[PDB]
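Visitor: Right, I'll just put the structure down here and ask away after.
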Amino acid sequence: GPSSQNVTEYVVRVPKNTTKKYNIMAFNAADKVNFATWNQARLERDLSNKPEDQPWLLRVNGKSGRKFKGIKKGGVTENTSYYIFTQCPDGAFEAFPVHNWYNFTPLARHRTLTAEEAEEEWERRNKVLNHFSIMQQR
Amino acid sequence: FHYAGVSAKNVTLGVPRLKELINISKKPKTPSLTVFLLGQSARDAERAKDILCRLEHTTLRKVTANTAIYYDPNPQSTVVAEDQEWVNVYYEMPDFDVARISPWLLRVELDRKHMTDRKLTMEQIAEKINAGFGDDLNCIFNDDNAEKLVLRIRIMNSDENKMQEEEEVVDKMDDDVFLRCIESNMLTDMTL
Amino acid sequence: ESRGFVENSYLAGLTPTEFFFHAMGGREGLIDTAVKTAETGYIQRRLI
Amino acid sequence: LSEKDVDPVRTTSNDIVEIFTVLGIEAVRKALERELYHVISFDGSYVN
Amino acid sequence: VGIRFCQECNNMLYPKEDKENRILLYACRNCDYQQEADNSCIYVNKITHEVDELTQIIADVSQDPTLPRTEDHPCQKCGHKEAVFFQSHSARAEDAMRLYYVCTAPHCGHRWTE
Amino acid sequence: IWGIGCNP
Amino acid sequence: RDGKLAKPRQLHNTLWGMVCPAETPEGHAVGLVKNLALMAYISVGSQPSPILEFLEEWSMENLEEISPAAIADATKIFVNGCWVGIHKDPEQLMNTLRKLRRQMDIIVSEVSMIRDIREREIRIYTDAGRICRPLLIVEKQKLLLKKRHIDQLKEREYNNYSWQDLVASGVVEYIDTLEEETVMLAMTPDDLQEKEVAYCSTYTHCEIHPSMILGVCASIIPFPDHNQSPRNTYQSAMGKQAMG
Amino acid sequence: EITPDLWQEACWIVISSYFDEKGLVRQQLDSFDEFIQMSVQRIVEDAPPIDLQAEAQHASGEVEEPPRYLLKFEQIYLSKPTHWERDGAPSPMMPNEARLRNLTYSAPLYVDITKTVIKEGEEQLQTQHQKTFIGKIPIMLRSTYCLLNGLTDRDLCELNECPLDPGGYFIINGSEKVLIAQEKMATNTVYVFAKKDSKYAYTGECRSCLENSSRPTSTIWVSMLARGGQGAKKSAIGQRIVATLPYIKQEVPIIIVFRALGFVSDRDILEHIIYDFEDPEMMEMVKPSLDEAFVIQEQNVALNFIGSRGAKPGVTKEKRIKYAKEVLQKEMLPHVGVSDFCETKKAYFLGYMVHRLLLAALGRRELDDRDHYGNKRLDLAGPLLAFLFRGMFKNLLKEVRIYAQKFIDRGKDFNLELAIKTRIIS
Amino acid sequence: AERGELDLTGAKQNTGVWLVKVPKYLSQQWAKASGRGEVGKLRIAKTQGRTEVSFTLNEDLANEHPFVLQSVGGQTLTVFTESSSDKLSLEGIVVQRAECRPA
Ligand SMILES: [Zn+2]
Ligand SMILES: [Zn+2]
């Protein structure tokens, strides 16, 4: 059929300015990120100082869902540029420059050892007893 | 260097050896001991080899080909296919299983070449391990005729049943961590 | 040849690799002399 | 030394400290003399 | 034998005996995830550590000008005459002067030890 | 420079 | 000098062609003070930026997704330190880098590029301290230096042909110790490159002349290969003390 | 087109051309030449711009309270070597006259200094003092900046200088001094050595430096502790890997360092450390170190763990965390990166260091040789004088700051010419 | 519905996007005018068991760019935009990656 010899050629458009800047959101494959359960999400600048040059915090599905941290790419692309091609009804590709690159890594929604208790536990480095029971106690 | 190799044993000589003797250092660089044989063992090479074996330190690591830890739920289950026979034999008239049996199994496998070079015996090794550690470590040893020299070690039967300990029912060092500690101790400190 | 044997005599003349290996040997001898002096001197002082 | 089929009379060690702790001060006197004589005369050099 | 990681937090699982069903498990300490053990073996240690170094030999090694090669031993797969040979090139190899062979010519990379 | 038993 | 360890003083094999074997002081500084060989040169230093840009153009994807993968991506491209990514094809990259070194676009003569085929690393060092020497380049079993080059150099003056033109032509190349570890050398072209009972058929370089392994003071010694080695050291020391 | 058995002529023709172009001392000369131009400009550029304002407590009100003074050193210049006589007229100084009169063969160094002043009225004023004289740099003879450079032998004879003299030395106080190239271990390179008597079985060291812009070296160790030490848990765990990070009092577990870089999950840490997950031996090697760091499972906790072991303790917890973060960004692995999101690169390089240590422990790679001259570098006149000029230019900026701070606290004014002490550099 | 909410409609529609690495000369040529709405034409030719991608530079712009594909199975990428009205949105998921090389 036509699929074995189809040739597709589309016009390329690069608008001078776009109201919304374009970024890259990259997830590690081993994280098994799935968007079906993403009913809601909250992306905001971090408050670890407790703005434009600070990392990003993502909280999917509020506190109940997984949280991710995204950091801008340190290596600037002084000799490289990245563009994204999106399908549009007019049938022409549109290219938008990548303003920023972010790598998001997840944090488990598991109980977290308090710093004081963690220091006390590390004082006993030779934990002869099972560590799993210690975690259960906390 | 440039010492004439009369025997395959290095000896400190020259200024460093004079330093060792003059300083009366507690740690010589090459402490050596020349041993003369009293009886016919001096004349006959085989008896001299027997004395050499009796005088040379041998750890379990030197004769052990490879060590593994398998979680074996039942002795009759015989997760390793090979032991199924000899385990059955030992469990035809089971001994020390009355209290309990350990669910973990340290299946040490010894190299036949090292065993025959040091003229060690499976009964000898098993006796040393079992007696030195005590009734806690129970060992099953293969026949020498079998292709694989296998020693199956299990943790204390009474400690597994926990009737003997009484006190509080709390695992100490779990069981597999304790078994790994035992394996390291046997590897470096058996002194067979 | 690879590991340092010099088959040529001094009269015949060492080949370049033999020359470098010979230099290595002579260097070891010189280092031995220089290091020896001080240790032997200390021993002699202690004995006396 | 106490092992069977080992000569108690002639078995000796190079360590003078072990000779001390086991066999005594006179045994060390002789053993130290033997060790020094060995290191001195290995070169063939003779010291009175 | 190998190490497997949790499917929620991607932390290291630890073996745990199931006291009720007598089945080995792997549980993550930082969460409640549990997975039954399929291999039934946990800690294997090869004291002689006899390992075929053919697994540690790279085929790219056939491109080194500094390695010796012979036309005497042909390859098994393609029957190429050139074969570059070398010793263990490894520390703690016990005592082994065995020659390992790597086939020259592109992309074959077959390795035999004689 | 001679051999292993001689001198360097 | 106080340290009596005889390890740091001994003439190492890698000193070949870059430090004089004979010329060393005698006393507390045996083997600790050294002298350059006659043809040895020391790198002055360069900016790694053009090399990094070329690597980025060729491939060397950085911030990849655990692509080493048992070093499936053959080789990891290093620079003066600084792992800057990895490539899937190491041999094409190495050959392109050598061609660029000849054309002198991004790689000055001093830029040193080492590929360790086993362990799969390429190092690309330009760090202002490396000691290197000129070696002729051998392609197949034939020296790249030919009669045209030697005739032009023979007419050196009023022909405006010099050593730098020889380097630009790709006839000679500067190799440091790390690259000397990965290079098959012939002492002489005629004796070694020519076909015989085949010791090696993969010579990549040829020594310009063996006698250049000596330094300034040891180069005055006549027939130095016919003397005992300590005697050449003594002559270096005494030639520093001659009246003239 | 070949030259067979005529080779004895050809080798010496090419050697003749080599020594005709270069000569024997081209190391020294070239090094010095490079140094001057590149190094001085770089150092002048790399030094932080001088920031300065009057103390708020000293004067009441905020109308003129922050009179910000900013000093930037724009560009460098060197004149030909010059002697300033007692009368004050500059004269060219020939090397022979410098030897005879016990003078120093040196050239003046001029820096363009731009002073920008903000009076808090937003009327910032920039005044550029061009060719400000900051010191005198001794000139290596027959280098590009020596007067003897580019002179034919007849001209050299007219100046009573030998045509055959190699150069490559400085005339200081009338005496010829030669910088001796100093051997050193190579920087930005991972070397795995084994120390017999150490508590570590193997140690991997990286003497990292950022292009020698500052901080001559920032060495970091990743070492696997020996299993010789005997204990119950010690026998169970085996060898553990620790990191001797710079500016930290004691050892830090390596997995904790990885989590401090933001990589909390064990899988990701092992992805950086173990490039092939399929190999079981390396995973078994890494397991005990993961067991040691099982307590700390968060980035902030790891940073606090690092800060607690810092050389100078921080009273506040968040102070310790911030101190550890800045110390990791600056001191640890400076050549990989020094700012922003170089954390991933630092994690990859630290994983490489741990991986190379693991390979050495497994015997898959051989231990590095310290005497191998590939692992060695040679500091010539260039690097040595560059280190000297870094130190002295930093001290010069410090003295300018002291004088400026006094005069600014007064509020009268500041003069660049008076602040600069040519004594320092010269 | 809040300020920090992410418009995941692009993810729900599973919009596929392509990521391409292009050189600086091409990007600078595009940025020279950058307002004419045209920079070149992307032509994809498919065969029985092989596909090739090329980009032709605009004739006005110049006064052939083959594309090499890369596998995207090793990493999942998505594109999100921060609107000037503080309304974050997701444009789509990256389904293919390409590199542009000089001729
Ligand atoms: Zn988990
Ligand atoms: Zn083949």
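Visitor: Any idea what the dipole of the range E:46-114 comes to, in debye rounded to 20, about its Cα centre with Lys/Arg Cβ at +1 and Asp/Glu Cβ at -1?
Guide: 140 debye
Visitor: To continue, here is another question. Hey, quick one: spin label on H:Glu1, modelled 7 Å out along Cα-Cβ, who in the range G:160-200 has an amide N within reach, i.e. under 17 Å?
Guide: Under cut-off, by backbone N: G:169-172.
Visitor: Averaged over its residues, how many other protein chain Cβ atoms are within 10 Å of peptide A:72-82's Cβ atoms?
Guide: Going residue by residue through A:72-82 and averaging, the value is 6.
Visitor: Note down the magnitude of the dipole of the range B:1-142 about its Cα centre, charges +1 on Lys and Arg C-beta and -1 on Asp and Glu C-beta and zero elsewhere, to the nearest 20 debye.
Guide: Roughly 1520 debye, rounded to the nearest 20.
Visitor: Answer with one residue from H:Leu303, H:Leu358, H:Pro95: the one whose Cα lies farthest towards the positive end of the charge dipole of chain H, charges on Cβ with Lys, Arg +1 and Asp, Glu -1.
Guide: Checked the options; the winner is H:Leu303.
Visitor: What shape does the range E:1-45 take by its C-alpha gyration tensor, where a ≥ b ≥ c are the square roots of the eigenvalues and a/c under 1.5 counts as rounded, a/b above b/c as prolate, and the rest as oblate?
Guide: Since a/c reaches 1.5 but b/c is at least a/b, the shape of the range E:1-45 is classed as oblate.
Visitor: Pairwise over distinct Cα atoms, reciprocal of the mean inverse distance: report the Kirkwood radius of chain C in Å, one decimal place.
Guide: Across chain C, the inverse of the average 1/r is 12.9 Å.
Visitor: Continuing with this model, one more query. What order do you get for G:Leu145, B:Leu52 when you list them from fewest to most C-beta neighbours inside 10 Å?
Guide: B:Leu52, G:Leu145
Visitor: Also: Which of the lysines could a cross-linker span from B:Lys19 if the Cα-Cα distance has to be under 21 Å and same-chain partners fewer than 8 positions apart are dropped?
Guide: B:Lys19 reaches B:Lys9, B:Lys27, B:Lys29, C:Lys36, D:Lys30, G:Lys4, G:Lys7.
Visitor: Excluding same-chain residues fewer than 8 positions from H:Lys406, which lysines have a Cα within less than 24 Å of its Cα?
Guide: Partners within reach: H:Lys72, H:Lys115, H:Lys119, H:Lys394, H:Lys398, H:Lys421.
Visitor: Another question about this same structure. Among G:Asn35, G:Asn95, G:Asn232, which one moves the most in a GNM of chain G with springs linking Cα atoms closer than 10 Å?
Guide: In this elastic network of chain G, the residue with the biggest mean-square fluctuation among G:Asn35, G:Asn95, G:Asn232 is G:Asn95.
Visitor: What relative contact order, as a whole-number percentage, does chain G give when Cα pairs under 8 Å and 6 or more residues apart are counted?
Guide: Relative contact order here is 23 percent.
Visitor: Hey, what did chain B get for relative contact order, percent, Cα under 8 Å, at least 6 apart?
Guide: Here the relative contact order equals 22 percent.
Visitor: Under the rule of -39500 (n - 2.57) per DSSP H run of 4 or more residues, summed and divided by the residues of chain H, what mean residue ellipticity at 222 nm is obtained, to the nearest 500 deg cm²/dmol?
Guide: Counting only the DSSP helices, I get -11000 deg cm²/dmol.
Visitor: Something else: Classify chain H as rounded, prolate or oblate, taking a ≥ b ≥ c as the square roots of the eigenvalues of its Cα gyration tensor: rounded when a/c is under 1.5, otherwise prolate if a/b is larger than b/c and oblate if not.
Guide: oblate
Visitor: Calculate the length of the line joining the C-alpha centroid of the range B:137-153 to that of the range H:220-239, in whole Å.
Guide: Using only Cα atoms, the two centres lie 31 Å from each other.
Visitor: Still on this model: State which entries of G:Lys142/G:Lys195; B:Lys148/E:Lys46; A:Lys16/A:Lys72; B:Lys62/H:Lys287 exceed 18 angstrom in Cα-Cα distance in the structure shown.
Guide: A:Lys16/A:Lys72; B:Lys62/H:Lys287
Visitor: Taking the beta-carbon count within 10 Å as an exposure proxy, list H:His355, A:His131 from fewest neighbours to most.
Guide: A:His131, H:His355
Visitor: Tilt of helix C:16-47 relative to the longest C-alpha principal axis of chain C, in degrees (0 to 90, nearest 10)?
Guide: Helix C:16-47 sits roughly 10 degrees off the main axis of chain C.
Visitor: List the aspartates and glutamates whose Cα sits under 16 Å from the Cα of I:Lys12, skipping any in the same chain fewer than 8 residues away.
Guide: In chain and number order, the partners are I:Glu91.
Visitor: Between the range D:25-48 and the range H:355-412, what is the separation of their alpha carbon centroids in Å?
Guide: Each part's Cα centre sits 55 Å from the other's.
Visitor: Applying 1/(1 + (r/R0)^6) with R0 = 35 Å to the Cβ-Cβ distance of B:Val15 and D:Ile25, what FRET efficiency is obtained, to the nearest 0.05?
Guide: Using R0 = 35 Å, I get an efficiency of 0.85.
Visitor: How many nm separate the modelled label positions at I:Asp7 and A:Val11, each set 7 Å beyond the Cα in the direction of the Cβ?
Guide: Computed distance between label sites I:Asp7 and A:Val11 equals 2.4 nm.
Visitor: Could you work out how far helix H:317-330 tilts from the main Cα principal axis of chain H, as a 0 to 90 degree angle to the nearest 10?
Guide: Taking Cα atoms only, the helix is inclined about 60 degrees.
Visitor: Note the angle between two axes, namely the Cα long axis of helix H:381-410 and the longest principal axis of the Cα atoms of chain H, as a number of degrees from 0 to 90, rounded to the nearest 10.
Guide: The two axes meet at around 80 degrees.
Visitor: Could I ask something else about it? Treat every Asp and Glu Cβ in chain I as -1 and every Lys and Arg Cβ as +1, leave all other atoms uncharged, and give the resulting dipole magnitude about the Cα centre to the nearest 20 debye.
Guide: That gives a dipole near 380 debye.
Visitor: Apply 1/(1 + (r/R0)^6) to the Cβ-Cβ distance of B:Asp95 and B:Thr121, taking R0 = 25 Å, and write down the FRET efficiency to the nearest 0.05.
Guide: 0.80
Visitor: Could you work out which residue, out of G:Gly81, G:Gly27, G:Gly170, moves most in a Gaussian network model of chain G, that is, has the largest mean-square fluctuation with Cα springs under 10 Å?
Guide: Highest fluctuation of the listed residues: G:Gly27.
Visitor: Related question: What is the order of D:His38, C:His22, fewest Cβ neighbours within 10 Å to most?
Guide: D:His38, C:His22
Visitor: What residues of the range H:19-57 lie in the reach of a label at H:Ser79, counting those whose backbone N is under 19 Å from a point 7 Å from the Cα along Cα→Cβ?
Guide: H:37
Visitor: Within the P(r) computed for the range G:89-244, what percentage of the Cα pairs occupies the region above 24 Å?
Guide: Cα-Cα pairs in the range G:89-244 separated by more than 24 Å: 49 percent.
Visitor: Taking chain G as a Gaussian network, Cα atoms linked when under 10 Å apart, which of G:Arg101, G:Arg115, G:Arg156 shows the biggest mean-square fluctuation?
Guide: G:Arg156
Visitor: Restricting things to alpha carbons, tell me how big the protein assembly as shown is in terms of Rg and Dmax, in Å.
Guide: 37.0, 117
Visitor: Using R₀ = 41 Å, calculate the FRET efficiency as 1/(1 + (r/R₀)^6) where r is the Cβ-Cβ separation of D:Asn48 and G:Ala29; round to 0.05.
Guide: Calculated value: 0.60.
Visitor: Still on this structure, I have one more. Please return the longest stretch of chain B lacking exposed loop sites, where GluC sites (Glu not before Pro) count only if DSSP places them in a loop and at most 14 other Cβ atoms lie within 10 Å.
Guide: Answer from the scan: B:57-146.
Visitor: While we're here: For the range G:141-179 and the range B:45-110, write down the distance between their C-alpha centroids in whole Å.
Guide: If you average the Cα positions of each part, the centres end up 72 Å apart.
Visitor: From the cross-link list B:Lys128/E:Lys19; A:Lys69/H:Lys346; B:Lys113/H:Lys195, which pairs have alpha carbons spaced over 24 Å apart?
Guide: The answer is B:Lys128/E:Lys19; B:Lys113/H:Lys195.
Visitor: Classify the range G:158-241: rounded, prolate or oblate, from the alpha-carbon gyration tensor (a ≥ b ≥ c, eigenvalue square roots; a/c under 1.5 rounded; otherwise prolate if a/b is larger than b/c)?
Guide: Verdict is oblate for the range G:158-241.
Visitor: Hey, another quick one. Okay, which of the range A:10-43 sit inside 11 Å, backbone N to the point 7 Å along the Cα-Cβ direction of I:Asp86?
Guide: From the range A:10-43, the list is empty.
In this analysis, Cβ positions are derived from the backbone assuming ideal geometry, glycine residues included, and neighbour counts consider all displayed protein chains. Read-outs: derived from the displayed coordinates by stated rules, not from any lab.
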